[PDB]
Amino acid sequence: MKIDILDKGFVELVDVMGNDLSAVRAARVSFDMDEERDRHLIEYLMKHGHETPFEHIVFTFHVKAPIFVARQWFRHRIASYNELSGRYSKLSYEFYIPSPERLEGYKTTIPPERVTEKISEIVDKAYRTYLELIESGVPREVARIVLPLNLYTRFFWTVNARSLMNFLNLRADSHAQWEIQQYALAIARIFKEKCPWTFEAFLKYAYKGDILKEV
């Protein structure tokens, strides 16, 4: 399961442990204890704020996104990450170039297409400088500091359903930067596919964002 994001990014499901019943199983071991009663249990937990059971469902995603997006994403501390190193490996000539539509709703002094060019220009100059420095003998960890924030990076993300729902509340929301919103929509999609009951209950009683209830 893979979903393309932005111009060169993506979100792909690597692994998953459990499903909706994993939360039911965990929670049930509380009352010292059926598709109908179990699904209702999930609604009950979601409705009353008992989310610890959902921590027993875990996902591992492989993500490709611009650094400025990853910086916001990595602020979510209740999760595990492993990302490509700009000091250990040579960075690929891959940058996020906003589409003209990105600026829609904004009256700019110059046509959107021009903005696209300006950004692509800097990217090109920075990357060339980067390559020159390396070939010149400068260590990679130093050379890459001239590279712009829209440079793509990749990382593995392991997170449980509870932290994932917090992520969606904050990132699958109009207040979050559009770019990460797009990734969050992808995460939600995959989450829905693997845990329909939990996702359904989440949207109905806990989800605090706005966009998931309109897309």
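Don't overthink the numbering: it's just position in the shown sequence, from 1. Under this definition, the rigid core comprises the largest set of C-alpha atoms superposing within 1.5 Å between the forms.
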{"item": "More shifted region, core-based fit in 5 other deposited structures of this protein, 22-30 vs 152-160 by CA", "value": "22-30"}
{"item": "Absent coordinates between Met33 and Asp34 - deposited residues affected, binned into four classes", "value": "1 to 3"}
{"item": "206-214 or 1-9, whichever carries the higher mean Cα B-factor", "value": "206-214"}
{"item": "Higher-B stretch (mean Cα B-factor, as the entry records it), 46-54 or 150-158", "value": "46-54"}
{"item": "Selection from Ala79, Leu133, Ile97, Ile145 [criterion: highest C-alpha temperature factor in the record]", "value": "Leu133"}
{"item": "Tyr88 - Cα temperature factor, lowest/middle/highest third of chain", "value": "highest"}
{"item": "B-factor third for the C-alpha atom of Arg171 within its chain", "value": "lowest"}
{"item": "Assigned third (lowest, middle, highest) for the C-alpha B factor of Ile187", "value": "lowest"}
{"item": "Within-chain third of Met165 by Cα B-factor, per the entry", "value": "lowest"}
{"item": "Cα B factor band for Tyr127 (lowest, middle or highest third within the chain)", "value": "middle"}
